[PDB]
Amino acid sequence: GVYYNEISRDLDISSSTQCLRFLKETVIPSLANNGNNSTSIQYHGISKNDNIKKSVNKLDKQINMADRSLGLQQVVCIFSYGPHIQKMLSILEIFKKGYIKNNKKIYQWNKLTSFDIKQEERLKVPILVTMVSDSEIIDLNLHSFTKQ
């Protein structure tokens, strides 16, 4: 079966539906607490089957979704794993392309972690978690991440 953070988990790698939910409900919180700070997190899991056009559209909506009156910083969490990371990268990179052309600025934070699927085999199935915002300083506790 599948292992995360050295711990066995009830997961089927072949199911993106199942694995993306686990990422959202377990992995992302394991890295970022939205409770103690002024951030508004929008989640966006990506599979290899996702349409680029429709997904960039969604991210454009998600990035401009939080209330402008309450002084909330709009943060979108784009995340994927293994065979699905490719399509994520495309969606992510095109989205930023369509953002900087208005002479606006995007800021991103990336974290890499993995699933361990299992003489004993031990294969690394990678996990990419990207945070995007129009605010340069985010109140989230993302020290382990990579600024870009």
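One-based numbering along the sequence shown.
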property: Deposited residues omitted from coordinates between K118 and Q119, as a class; result: 4 to 9
property: Given 89-97 and 30-38, the range whose Cα B-factors average higher in the PDB entry; result: 30-38
property: Residue stretch of maximal mean CA temperature factor, 77-85 vs 98-106; result: 98-106
property: Criterion, highest CA B-factor; candidates, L59, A66, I46, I52; result: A66
property: For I13, the third of its chain into which the C-alpha B factor falls; result: middle
property: Assigned third (lowest, middle, highest) for the C-alpha B factor of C19; result: middle
